[PDB]
Amino acid sequence: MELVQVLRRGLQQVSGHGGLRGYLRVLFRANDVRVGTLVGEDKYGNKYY
Amino acid sequence: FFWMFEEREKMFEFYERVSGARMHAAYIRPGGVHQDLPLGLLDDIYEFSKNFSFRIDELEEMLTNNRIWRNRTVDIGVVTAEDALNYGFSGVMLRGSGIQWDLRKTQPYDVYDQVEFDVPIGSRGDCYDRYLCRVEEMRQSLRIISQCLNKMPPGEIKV
Amino acid sequence: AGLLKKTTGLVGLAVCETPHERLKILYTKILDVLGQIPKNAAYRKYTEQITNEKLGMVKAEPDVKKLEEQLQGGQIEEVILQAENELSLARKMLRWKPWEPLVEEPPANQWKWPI
Amino acid sequence: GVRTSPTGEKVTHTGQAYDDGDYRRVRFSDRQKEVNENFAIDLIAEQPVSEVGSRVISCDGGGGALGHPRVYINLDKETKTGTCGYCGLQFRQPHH
Amino acid sequence: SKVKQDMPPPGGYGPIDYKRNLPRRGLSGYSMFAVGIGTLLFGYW
Amino acid sequence: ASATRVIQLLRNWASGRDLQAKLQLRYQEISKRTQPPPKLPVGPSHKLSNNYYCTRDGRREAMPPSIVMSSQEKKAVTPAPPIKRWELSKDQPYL
Amino acid sequence: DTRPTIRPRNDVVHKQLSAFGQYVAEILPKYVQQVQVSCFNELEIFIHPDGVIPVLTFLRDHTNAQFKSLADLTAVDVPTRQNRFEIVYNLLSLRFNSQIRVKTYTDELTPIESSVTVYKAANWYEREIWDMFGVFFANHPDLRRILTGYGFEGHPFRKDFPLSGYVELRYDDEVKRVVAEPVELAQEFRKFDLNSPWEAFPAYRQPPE
Amino acid sequence: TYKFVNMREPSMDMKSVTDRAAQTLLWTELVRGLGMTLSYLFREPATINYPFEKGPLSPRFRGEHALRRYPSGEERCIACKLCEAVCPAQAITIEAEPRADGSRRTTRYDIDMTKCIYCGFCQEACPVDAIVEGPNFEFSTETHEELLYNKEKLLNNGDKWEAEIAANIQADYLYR
Amino acid sequence: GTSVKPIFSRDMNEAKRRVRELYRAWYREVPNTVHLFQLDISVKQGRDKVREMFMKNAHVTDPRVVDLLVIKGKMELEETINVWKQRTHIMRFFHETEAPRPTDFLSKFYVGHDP
Ligand code: SF4
Ligand code: SF4
Ligand SMILES: [Zn+2]
């Protein structure tokens with residue numbers, strides 16, 4: 001059942017990244033698929049995960 | 001190449017954490033090492049040493065018993081044991097041929113004498129024997145690493 | 001010798017199945033060559049001493065394994081190899097003739113090494 | 001303080017400023033003459049004059065081992081303010 | 001405060017394996033030849 | 001940069017070993033990177049008494065090379081006593 | 001112990017090496033000039049040049065000497081002495097593990113006989129000396145230049161040779177090739193004046209005159 | 001002590017010869033490596049997403065040189081020229097002077113980064129911790145002149161990477 | 001003092017002989033090194049460079065020095081013949097990129113401080 005579990009997690013990350021638009025933006029710009037906790041934000045506009 | 005080069009990068013991390021540069025340390029100076037190790041370095045060395053043998057043998061299985069690694073390498077370019085030492089050959093080049101000689105044991109500099117270890121001594125003097133000697137030297141290096149890791153004394157770093 | 005040892009361990013030389021007579025003949029030859037060498041030379045004294053000692057022990061003890069032990073020269077093959085080298089050395093410097101005094105002194109201060 | 005040259009260049013804390021002709025100014029066209037604004041000459045002057053009341057005063061520059069080597073300046077001359085050569089803080093007797 | 005630095009734990013360290021633990025796997029040569037020949041024979045049938 | 005048990009059993013069988021005991025990865029087991037300030041120890045000659053450098057200098061206690069023979073019945077002597085033979089490996093004499 | 005910083009002193013090796021030094025001095029009085037053993041248990045033998053082949057052979061062949069390993073071969077240029085160049089042979093024993101050093105002297109022109117036969121490792125080392133100090137070696141099998149660039153000049157390790165050399169090379173489009181030009185540094189090597197004018201070691205003081 | 005590496009000669013019974021013939025004919029060690037590499041294929045790929053993720057470093061990391069300054073803002077360099085006498089590549093050049101205030105600061109302090117070999121000798125030589133090497137390594141430039149730093153550039157480096165250098169020194173001065 | 005050891009040649013005559021076939025080899029070499037290395041040098045202006053280099057060390061009179069120049073030219077000959085040398089090193093003798101250097105004192109004074 002870990003296969004359907006990882007399928008569910010893969011469909012969960014598309015929700016974690018602010019929906020389809022945010023997910024596609026992250027995939028195309030940052031070459032990343034995973035979502036981490038926002039540990040901080042600098043003045044210039046970079047999110048630290 | 002790449003499988004062991006990840007571990008080599010892990011070595012470079014230790015090099016960076018002790019001296020300050022991952023490759024060119026400038027660490028070991030006359031009168032002892034430059035400065036003490038950072039806290040927690042020994043534990044990370046311990047974990048790496050635990051994990052290393054399981055990939056050393058992994059490299060072995062790919063190369064040691066392979067047909068074409070041996071065939072390209074076994075018994076090509078023999079070097080005679082007598083003709084080896086006159087030619088000024090040294091290190092594994094000697095040990096590959098068969099002379100039982102190693103400065104770490106016969107002329108022990110620093111604390112190499114208190115460290116117990118066997119050396120790999122070659123059989124046929126060929127390319128393959130030297131390669132096997134290098135790998136067995138890996139493993140004896142791991143054993144030496146364990147020994148020095150367990151028994152580092154309290155003291156200063158420079159004279 | 002029982003089962004003759006397969007390999008000495010050094011690939012540069014093989015096993016001599018009859019080593020005792022080899023020790024004997026090479027030692028006798030180099031003793032002859034030293035007999036050539038004039039008496040006053042210290043080389044003849046030292047080398048005749050060590051070689052007659054070696055010949056005595058090799059002709060005394062006929063077990064090869066103990067022969068290496070009291071010969072402190074490893075396997076008998078590298079021992080007869082070194083004996084051949086000693087023969088060669090004595091023969092080669094027979095006509096080099098080093099027993100003569102020094103050819104000449106070094107020029108003035110040629111060895112002091114604070115500059 | 002940083003001031004502009006007659007040509008327009010920003011003078012440095014050392015006083016460097018390329019003159020009128022000074023052919024070696026093409027290096028700065030389409031670029032900038034990098035000058036640091038935090039002048040060390042004046043950033044030490046506005047610091048208050050410490051009023052510690054003893055004849056001879058120790059100074060390490062703050063931070064203990066992170067500061068400069070410990071120097072003992074003499075708060076003896078009544079007509080001026082003693083200062084550590086390394087850091088530059090002006091030490092003075094509290095008007096005796 | 002007592003002097004402290006990077007030191008091994010008081011119980012030393014765990015053993016570090018260095019022996020070649022290259023695994024052994026595979027049927028007997030007779031078994032391999034037998035299974036190959038049996039697959040062949042089924043194919044020809 | 002852990003995995004599925006279906007893949008976990010596939011890689012182990014293909015690799016013929018239990019690699020989960022230690023991966024080439026390195027997880028939280030690493031040493032912390034905010035270690036407390038270490039109080040470094042001192043050397044032997046740190047006392048304030050009987051530390052006279054005269055009885056401790058190493059460079060000053062070096063004599064010139066001892067001259068043996070110059071251009072201006074003893075038996076035969078070897079440079080070193082003959083080196084002994086090493087022992088076979090008790091653990092793995094032959095690989 | 002009482003001396004935790006000073007290196008340990010091994011007098012047994014010192015006496016034993018001195019005994020072997022007297023041995024080798026007695027065996028070959030023709031070429032040997034002066035044998036001495038350093039404080040740190042390292043023996044050096046100063047021989048006449050004509051003994052490059054004989055002495056080495058005696059050290060390579062003799063049963064009681066047994067040195068077959070050419071650790072390195074080096075020249076040490078010193079312009080002060082009459083024969084400026086001095087050549088050092090470093091030998092290591094196997095049966096009687098130890099390090100011996102034999103030292104000879106030659107000037108720029110007086111050739112020194114090439115070992116090669118005594119130690120076939122010397123060959124490349126040999127070439128280096130010729131390509132690095134100007135010390136030509138008699139009947140060396142191939143004494144071609146070994147290290148420096150093609151068509152080079154001089155012998156750089158000579159102490160008179162400047163640090164920066166004489167000529168660099170760089171691209172030239174006018175001729176479409178790398179060309180060699182006389183030296184013109186962008187910043188000159190600052191030669192610091194170290195070696196404080198106060199005597200360091202009273203033991204090694206030069207006698208007056 | 002020593003171990004012989006390859007003396008394990010094979011036996012010659014029917015079972016052993018059959019096994020060796022099978023291994024030679026029915027390629028087995030070939031398949032062994034072919035399956036090991038498969039195990040490495042299904043594993044977790046070791047790869048760090050640069051520049052989004054950077055490699056681990058240490059507080060001792062030697063990088064871009066920079067000239068720090070005291071908390072008061074005054075530059076720590078008293079131009080003792082120890083760092084110039086120490087740099088093995090002679091990449092450091094200082095000219096000193098009695099300043100208007102008096103404190104002997106550098107009229108010129110330039111480090112030739114193309115001559116520098118990034119050893120950290122200058123910082124350990126500095127008696128006031130003026131010169132240091134910041135954690136920055138991201139200064140790959142386009143022109144050779146861009147690399148040749150100046151006193152003002154070093155001051156700007158010390159004023160940009162400053163919280164970094166202060167934090168690293170606070171975490172490392174006890175070791176050194 | 002005055003007595004010294006030779007390299008090969010005994011007297012000026014035999015070293016004079018060695019430079020003879022050194023020039024022999026250089027003559028027979030120049031055309032086919034021009035051909036092989038694709039030189040921009042011409043045959044005549046190849047030979048005259050050899051002649052001028054041979055004339056450059058005209059002042060030498062010590063024998064041993066002459067053996068040294070002849071063996072160094074021998075090494076040069078090997079470097080050229082079997083293509084170990086490269087075209088740029090061959091051009092190195094011809095000073096193309098090197099600007100002409102004045103000779104008269106007046107031009108030296110005009111240029112800068114130099115004897
Ligand atoms: S690291 Fe600093 S002190 Fe060392 S050579 Fe480079 S610039 Fe000079
Ligand atoms: S060592 Fe430090 S104080 Fe001295 S000149 Fe260099 S940077 Fe300035
Ligand atoms: Zn101060």
# chains A, B, ... in the order shown; residues from 1 in each chain; ligands from 1
call {"tool": "residues_near_ligand", "arguments": {"ligand": "ligand 1", "cutoff": "6 Å", "atoms": "only C-alpha atoms and all ligand atoms", "output": "PyMOL selection string"}}
result
chain H and resi 83+87-89+91-92+111+116-122
call {"tool": "residues_around", "arguments": {"residues": "region 28-30 of chain F", "least_positions_apart": "6", "cutoff": "12 Å", "atoms": "only C-alpha atoms", "output": "VMD selection string"}}
result
(chain B and resid 10 39 to 48) or (chain F and resid 22) or (chain H and resid 56)
call {"tool": "closest_atom_pairs", "arguments": {"of": "chain D", "to": "ligand 3", "cutoff": "10 Å", "atoms": "only C-alpha atoms and all ligand atoms", "output": "Markdown table"}}
result
| residue | atom | partner | partner_atom_place_in_ligand_line | distance |
| --- | --- | --- | --- | --- |
| D:58 | CA | ligand 3 | 1 (Zn) | 8.3 |
| D:59 | CA | ligand 3 | 1 (Zn) | 4.8 |
| D:60 | CA | ligand 3 | 1 (Zn) | 5.3 |
| D:61 | CA | ligand 3 | 1 (Zn) | 4.1 |
| D:62 | CA | ligand 3 | 1 (Zn) | 7.6 |
| D:67 | CA | ligand 3 | 1 (Zn) | 7.9 |
| D:68 | CA | ligand 3 | 1 (Zn) | 6.6 |
| D:69 | CA | ligand 3 | 1 (Zn) | 8.2 |
| D:70 | CA | ligand 3 | 1 (Zn) | 7.6 |
| D:71 | CA | ligand 3 | 1 (Zn) | 7.2 |
| D:72 | CA | ligand 3 | 1 (Zn) | 9.2 |
| D:73 | CA | ligand 3 | 1 (Zn) | 9.0 |
| D:83 | CA | ligand 3 | 1 (Zn) | 7.2 |
| D:84 | CA | ligand 3 | 1 (Zn) | 4.2 |
| D:85 | CA | ligand 3 | 1 (Zn) | 6.4 |
| D:86 | CA | ligand 3 | 1 (Zn) | 5.1 |
| D:87 | CA | ligand 3 | 1 (Zn) | 3.9 |
| D:88 | CA | ligand 3 | 1 (Zn) | 5.6 |
| D:89 | CA | ligand 3 | 1 (Zn) | 6.0 |
| D:90 | CA | ligand 3 | 1 (Zn) | 8.7 |
| D:91 | CA | ligand 3 | 1 (Zn) | 9.5 |
call {"tool": "write_last_selection", "arguments": {"atoms": "N, CA and C atoms", "output": "PDB file, in the first residue's frame"}}
result
ATOM      1  N   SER D  58      43.981  50.152  31.340  1.00  0.00           N
ATOM      2  CA  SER D  58      44.084  49.039  30.410  1.00  0.00           C
ATOM      3  C   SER D  58      43.079  49.190  29.273  1.00  0.00           C
ATOM      4  N   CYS D  59      43.461  48.681  28.105  1.00  0.00           N
ATOM      5  CA  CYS D  59      42.572  48.705  26.947  1.00  0.00           C
ATOM      6  C   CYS D  59      42.884  47.492  26.083  1.00  0.00           C
ATOM      7  N   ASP D  60      41.872  46.667  25.830  1.00  0.00           N
ATOM      8  CA  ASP D  60      41.985  45.548  24.906  1.00  0.00           C
ATOM      9  C   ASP D  60      41.160  45.749  23.645  1.00  0.00           C
ATOM     10  N   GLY D  61      40.402  46.840  23.561  1.00  0.00           N
ATOM     11  CA  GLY D  61      39.550  47.091  22.419  1.00  0.00           C
ATOM     12  C   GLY D  61      38.192  46.436  22.473  1.00  0.00           C
ATOM     13  N   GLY D  62      37.792  45.902  23.624  1.00  0.00           N
ATOM     14  CA  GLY D  62      36.503  45.254  23.743  1.00  0.00           C
ATOM     15  C   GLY D  62      36.505  43.847  23.188  1.00  0.00           C
ATOM     16  N   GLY D  67      39.537  41.386  20.890  1.00  0.00           N
ATOM     17  CA  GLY D  67      40.048  42.722  20.674  1.00  0.00           C
ATOM     18  C   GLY D  67      41.526  42.717  20.342  1.00  0.00           C
ATOM     19  N   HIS D  68      42.130  43.888  20.454  1.00  0.00           N
ATOM     20  CA  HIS D  68      43.555  44.056  20.215  1.00  0.00           C
ATOM     21  C   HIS D  68      44.338  43.682  21.462  1.00  0.00           C
ATOM     22  N   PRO D  69      45.651  43.477  21.337  1.00  0.00           N
ATOM     23  CA  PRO D  69      46.458  43.159  22.521  1.00  0.00           C
ATOM     24  C   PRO D  69      46.319  44.231  23.591  1.00  0.00           C
ATOM     25  N   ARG D  70      46.319  43.788  24.845  1.00  0.00           N
ATOM     26  CA  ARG D  70      46.071  44.682  25.968  1.00  0.00           C
ATOM     27  C   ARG D  70      47.216  45.675  26.119  1.00  0.00           C
ATOM     28  N   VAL D  71      46.896  46.964  26.035  1.00  0.00           N
ATOM     29  CA  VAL D  71      47.876  48.029  26.200  1.00  0.00           C
ATOM     30  C   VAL D  71      47.465  48.895  27.380  1.00  0.00           C
ATOM     31  N   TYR D  72      48.463  49.374  28.110  1.00  0.00           N
ATOM     32  CA  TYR D  72      48.262  50.229  29.274  1.00  0.00           C
ATOM     33  C   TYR D  72      48.587  51.659  28.856  1.00  0.00           C
ATOM     34  N   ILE D  73      47.546  52.450  28.591  1.00  0.00           N
ATOM     35  CA  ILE D  73      47.794  53.856  28.303  1.00  0.00           C
ATOM     36  C   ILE D  73      47.847  54.649  29.605  1.00  0.00           C
ATOM     37  N   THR D  83      45.000  57.806  24.408  1.00  0.00           N
ATOM     38  CA  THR D  83      44.276  56.935  23.496  1.00  0.00           C
ATOM     39  C   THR D  83      45.079  55.673  23.231  1.00  0.00           C
ATOM     40  N   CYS D  84      44.376  54.550  23.121  1.00  0.00           N
ATOM     41  CA  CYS D  84      45.019  53.305  22.734  1.00  0.00           C
ATOM     42  C   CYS D  84      45.410  53.370  21.264  1.00  0.00           C
ATOM     43  N   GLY D  85      46.660  53.014  20.970  1.00  0.00           N
ATOM     44  CA  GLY D  85      47.138  53.090  19.601  1.00  0.00           C
ATOM     45  C   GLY D  85      46.403  52.161  18.657  1.00  0.00           C
ATOM     46  N   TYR D  86      45.963  51.005  19.156  1.00  0.00           N
ATOM     47  CA  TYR D  86      45.312  50.023  18.297  1.00  0.00           C
ATOM     48  C   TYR D  86      43.912  50.477  17.901  1.00  0.00           C
ATOM     49  N   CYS D  87      43.030  50.646  18.886  1.00  0.00           N
ATOM     50  CA  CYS D  87      41.629  50.958  18.620  1.00  0.00           C
ATOM     51  C   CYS D  87      41.424  52.445  18.343  1.00  0.00           C
ATOM     52  N   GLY D  88      41.786  53.296  19.297  1.00  0.00           N
ATOM     53  CA  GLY D  88      41.671  54.733  19.126  1.00  0.00           C
ATOM     54  C   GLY D  88      40.711  55.424  20.072  1.00  0.00           C
ATOM     55  N   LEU D  89      40.059  54.716  20.993  1.00  0.00           N
ATOM     56  CA  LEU D  89      39.197  55.379  21.963  1.00  0.00           C
ATOM     57  C   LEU D  89      40.017  56.315  22.840  1.00  0.00           C
ATOM     58  N   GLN D  90      39.512  57.530  23.030  1.00  0.00           N
ATOM     59  CA  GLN D  90      40.214  58.553  23.799  1.00  0.00           C
ATOM     60  C   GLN D  90      39.857  58.390  25.271  1.00  0.00           C
ATOM     61  N   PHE D  91      40.863  58.125  26.097  1.00  0.00           N
ATOM     62  CA  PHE D  91      40.667  57.991  27.531  1.00  0.00           C
ATOM     63  C   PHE D  91      41.194  59.235  28.231  1.00  0.00           C
TER      64      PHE D  91
END
call {"tool": "residues_near_ligand", "arguments": {"ligand": "ligand 2", "cutoff": "8 Å", "atoms": "only C-alpha atoms and all ligand atoms", "output": "CSV table (one decimal) with N, CA, C and O atoms, in the first residue's frame"}}
result
chain,number,residue,atom,x,y,z
H,67,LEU,N,38.6,43.0,5.3
H,67,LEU,CA,39.2,43.8,6.3
H,67,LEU,C,38.0,44.2,7.3
H,67,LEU,O,37.2,45.0,7.0
H,76,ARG,N,40.4,47.8,12.1
H,76,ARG,CA,41.3,47.1,13.1
H,76,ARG,C,42.7,47.1,12.6
H,76,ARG,O,43.7,47.1,13.4
H,77,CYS,N,43.0,47.2,11.3
H,77,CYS,CA,44.3,47.2,10.8
H,77,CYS,C,45.2,48.3,11.3
H,77,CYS,O,44.9,49.5,11.0
H,78,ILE,N,46.3,48.0,11.9
H,78,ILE,CA,47.3,49.0,12.3
H,78,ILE,C,48.5,48.9,11.4
H,78,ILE,O,49.5,49.5,11.8
H,79,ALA,N,48.4,48.2,10.3
H,79,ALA,CA,49.4,48.2,9.3
H,79,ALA,C,50.8,47.7,9.8
H,79,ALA,O,51.8,48.2,9.4
H,80,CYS,N,50.7,46.6,10.6
H,80,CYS,CA,52.0,46.0,11.1
H,80,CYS,C,52.7,45.3,10.0
H,80,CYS,O,53.9,44.9,10.2
H,81,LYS,N,52.1,45.0,8.9
H,81,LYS,CA,52.6,44.4,7.7
H,81,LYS,C,53.0,42.9,8.0
H,81,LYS,O,53.8,42.4,7.3
H,82,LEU,N,52.6,42.4,9.1
H,82,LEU,CA,52.8,41.0,9.4
H,82,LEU,C,52.2,40.1,8.3
H,82,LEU,O,52.9,39.1,7.9
H,83,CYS,N,51.0,40.4,7.9
H,83,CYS,CA,50.4,39.6,6.8
H,83,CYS,C,51.1,39.6,5.5
H,83,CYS,O,51.2,38.6,4.8
H,84,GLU,N,51.7,40.8,5.2
H,84,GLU,CA,52.5,40.9,4.0
H,84,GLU,C,53.8,40.0,4.1
H,84,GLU,O,54.2,39.4,3.1
H,94,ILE,N,51.1,46.5,1.3
H,94,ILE,CA,50.7,47.6,2.2
H,94,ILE,C,51.6,48.8,2.1
H,94,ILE,O,52.9,48.6,2.0
H,105,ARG,N,47.1,53.7,9.8
H,105,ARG,CA,46.3,52.9,8.9
H,105,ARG,C,46.9,52.8,7.5
H,105,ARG,O,47.9,53.5,7.2
H,106,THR,N,46.4,51.9,6.7
H,106,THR,CA,47.1,51.7,5.4
H,106,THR,C,46.6,52.7,4.3
H,106,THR,O,45.4,52.8,4.1
H,122,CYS,N,47.3,34.8,6.6
H,122,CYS,CA,47.2,36.2,7.0
H,122,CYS,C,46.4,36.4,8.2
H,122,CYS,O,46.8,37.2,9.1
H,123,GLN,N,45.2,35.7,8.3
H,123,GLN,CA,44.3,35.9,9.5
H,123,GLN,C,45.0,35.4,10.8
H,123,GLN,O,45.0,36.1,11.8
H,125,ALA,N,48.1,35.3,11.2
H,125,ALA,CA,49.2,36.2,11.5
H,125,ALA,C,48.8,37.5,12.1
H,125,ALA,O,49.5,38.2,12.8
H,126,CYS,N,47.5,37.9,11.8
H,126,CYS,CA,47.1,39.3,12.2
H,126,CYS,C,46.9,39.3,13.7
H,126,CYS,O,46.3,38.5,14.3
H,127,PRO,N,47.6,40.3,14.4
H,127,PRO,CA,47.5,40.4,15.8
H,127,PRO,C,46.3,41.2,16.3
H,127,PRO,O,46.1,41.3,17.5
H,128,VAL,N,45.4,41.7,15.4
H,128,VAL,CA,44.2,42.4,15.8
H,128,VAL,C,43.0,41.9,15.1
H,128,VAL,O,41.9,42.5,15.1
H,129,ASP,N,43.2,40.7,14.4
H,129,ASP,CA,42.1,40.1,13.7
H,129,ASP,C,41.5,41.0,12.7
H,129,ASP,O,40.3,41.1,12.4
H,130,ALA,N,42.4,41.8,12.0
H,130,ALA,CA,41.9,42.8,11.0
H,130,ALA,C,41.6,42.1,9.7
H,130,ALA,O,40.5,42.1,9.2
H,131,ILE,N,42.6,41.4,9.1
H,131,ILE,CA,42.4,40.7,7.9
H,131,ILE,C,41.8,39.3,8.2
H,131,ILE,O,42.2,38.7,9.2
H,132,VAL,N,40.8,38.9,7.5
H,132,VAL,CA,40.2,37.6,7.7
H,132,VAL,C,39.7,37.1,6.3
H,132,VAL,O,39.8,37.8,5.3
call {"tool": "interface_residues", "arguments": {"of": "chain H", "to": "chain C", "cutoff": "12 Å", "atoms": "only C-alpha atoms", "output": "list in words"}}
result
residues 4, 5, 6 and 7 of chain H
call {"tool": "write_last_selection", "arguments": {"atoms": "N, CA and C atoms", "output": "PDB file, in the first residue's frame"}}
result
ATOM      1  N   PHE H   4      48.933 -12.487   2.788  1.00  0.00           N
ATOM      2  CA  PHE H   4      49.029 -12.770   1.366  1.00  0.00           C
ATOM      3  C   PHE H   4      47.679 -12.519   0.712  1.00  0.00           C
ATOM      4  N   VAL H   5      47.681 -11.792  -0.399  1.00  0.00           N
ATOM      5  CA  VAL H   5      46.425 -11.341  -0.987  1.00  0.00           C
ATOM      6  C   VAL H   5      45.839 -12.383  -1.931  1.00  0.00           C
ATOM      7  N   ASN H   6      46.643 -12.940  -2.840  1.00  0.00           N
ATOM      8  CA  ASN H   6      46.136 -13.872  -3.848  1.00  0.00           C
ATOM      9  C   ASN H   6      47.008 -15.130  -3.869  1.00  0.00           C
ATOM     10  N   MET H   7      46.735 -16.050  -2.935  1.00  0.00           N
ATOM     11  CA  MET H   7      47.278 -17.405  -2.968  1.00  0.00           C
ATOM     12  C   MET H   7      46.167 -18.445  -2.922  1.00  0.00           C
TER      13      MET H   7
END
call {"tool": "interface_residues", "arguments": {"of": "chain D", "to": "chain H", "cutoff": "6 Å", "atoms": "only C-alpha atoms", "output": "PyMOL selection string"}}
result
chain D and resi 14+35-36+40+43-44+68
call {"tool": "write_last_selection", "arguments": {"atoms": "C-alpha atoms", "output": "short mmCIF file (atom, residue, chain, number, x, y, z; two decimals), in the first residue's frame"}}
result
data_model
loop_
_atom_site.label_atom_id
_atom_site.label_comp_id
_atom_site.auth_asym_id
_atom_site.auth_seq_id
_atom_site.Cartn_x
_atom_site.Cartn_y
_atom_site.Cartn_z
CA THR D 14 43.30 58.11 2.10
CA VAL D 35 34.86 53.84 -2.31
CA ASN D 36 33.81 52.89 1.21
CA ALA D 40 37.45 55.29 9.87
CA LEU D 43 33.81 57.08 12.92
CA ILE D 44 36.26 57.10 15.84
CA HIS D 68 43.55 44.06 20.21
#
call {"tool": "residues_around", "arguments": {"residues": "residue 63 (chain H)", "least_positions_apart": "5", "cutoff": "7 Å", "atoms": "only C-alpha atoms", "output": "list in words"}}
result
residues 118, 133, 134, 135, 136 and 137 of chain H
call {"tool": "write_last_selection", "arguments": {"atoms": "N, CA and C atoms", "output": "PDB file, in the first residue's frame"}}
result
ATOM      1  N   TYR H 118      44.805  31.223  -0.836  1.00  0.00           N
ATOM      2  CA  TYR H 118      43.693  30.938   0.072  1.00  0.00           C
ATOM      3  C   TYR H 118      44.106  29.980   1.185  1.00  0.00           C
ATOM      4  N   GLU H 133      39.299  35.823   6.293  1.00  0.00           N
ATOM      5  CA  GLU H 133      38.740  35.249   5.076  1.00  0.00           C
ATOM      6  C   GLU H 133      37.281  34.895   5.324  1.00  0.00           C
ATOM      7  N   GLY H 134      36.383  35.580   4.622  1.00  0.00           N
ATOM      8  CA  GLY H 134      34.970  35.383   4.818  1.00  0.00           C
ATOM      9  C   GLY H 134      34.489  34.080   4.229  1.00  0.00           C
ATOM     10  N   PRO H 135      33.264  33.703   4.602  1.00  0.00           N
ATOM     11  CA  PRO H 135      32.682  32.453   4.103  1.00  0.00           C
ATOM     12  C   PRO H 135      32.272  32.491   2.642  1.00  0.00           C
ATOM     13  N   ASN H 136      32.414  33.632   1.976  1.00  0.00           N
ATOM     14  CA  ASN H 136      31.948  33.762   0.604  1.00  0.00           C
ATOM     15  C   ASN H 136      32.907  33.017  -0.316  1.00  0.00           C
ATOM     16  N   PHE H 137      32.346  32.231  -1.230  1.00  0.00           N
ATOM     17  CA  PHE H 137      33.086  31.663  -2.346  1.00  0.00           C
ATOM     18  C   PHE H 137      32.467  32.031  -3.683  1.00  0.00           C
TER      19      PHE H 137
END
call {"tool": "residues_around", "arguments": {"residues": "region 62-64 of chain G", "least_positions_apart": "3", "cutoff": "6 Å", "atoms": "only C-alpha atoms", "output": "compact mmCIF listing (two decimals) with C-alpha atoms, in the first residue's frame"}}
result
# COMPACT_ATOMS: atom_id res chain seq x y z
CA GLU C 86 79.18 -10.73 -3.46
CA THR F 78 76.46 -4.64 9.51
CA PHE G 58 80.40 -2.03 -2.77
call {"tool": "interface_residues", "arguments": {"of": "chain B", "to": "chain C", "cutoff": "8 Å", "atoms": "only C-alpha atoms", "output": "PyMOL selection string"}}
result
chain B and resi 79-83+97-99+123-125
call {"tool": "write_last_selection", "arguments": {"atoms": "N, CA, C and O atoms", "output": "tab-separated table (two decimals), in the first residue's frame"}}
result
chain	number	residue	atom	x	y	z
B	79	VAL	N	56.52	-7.39	-13.05
B	79	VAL	CA	57.73	-6.71	-12.59
B	79	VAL	C	58.44	-7.65	-11.63
B	79	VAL	O	57.87	-8.05	-10.61
B	80	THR	N	59.68	-8.01	-11.96
B	80	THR	CA	60.42	-8.95	-11.13
B	80	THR	C	60.78	-8.31	-9.79
B	80	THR	O	61.10	-7.12	-9.71
B	81	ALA	N	60.71	-9.12	-8.73
B	81	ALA	CA	60.95	-8.60	-7.39
B	81	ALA	C	62.37	-8.06	-7.24
B	81	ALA	O	62.57	-7.00	-6.65
B	82	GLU	N	63.36	-8.79	-7.77
B	82	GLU	CA	64.73	-8.29	-7.75
B	82	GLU	C	64.84	-7.00	-8.55
B	82	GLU	O	65.27	-5.97	-8.05
B	83	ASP	N	64.37	-7.03	-9.80
B	83	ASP	CA	64.45	-5.86	-10.66
B	83	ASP	C	63.57	-4.71	-10.17
B	83	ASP	O	63.73	-3.59	-10.67
B	97	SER	N	54.88	-6.78	-5.95
B	97	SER	CA	55.77	-7.82	-6.45
B	97	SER	C	56.00	-8.90	-5.40
B	97	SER	O	56.01	-10.09	-5.72
B	98	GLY	N	56.18	-8.51	-4.14
B	98	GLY	CA	56.31	-9.50	-3.09
B	98	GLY	C	57.26	-9.19	-1.96
B	98	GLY	O	57.28	-9.93	-0.97
B	99	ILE	N	58.06	-8.13	-2.06
B	99	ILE	CA	58.95	-7.77	-0.96
B	99	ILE	C	58.12	-7.27	0.21
B	99	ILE	O	57.31	-6.35	0.08
B	123	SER	N	51.45	-11.30	-4.86
B	123	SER	CA	51.75	-12.68	-5.20
B	123	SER	C	52.46	-12.81	-6.54
B	123	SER	O	53.55	-13.39	-6.60
B	124	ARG	N	51.89	-12.28	-7.62
B	124	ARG	CA	52.44	-12.44	-8.95
B	124	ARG	C	53.17	-11.20	-9.45
B	124	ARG	O	53.78	-11.26	-10.53
B	125	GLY	N	53.13	-10.10	-8.71
B	125	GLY	CA	53.81	-8.90	-9.14
B	125	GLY	C	53.18	-8.18	-10.31
B	125	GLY	O	53.82	-7.30	-10.90
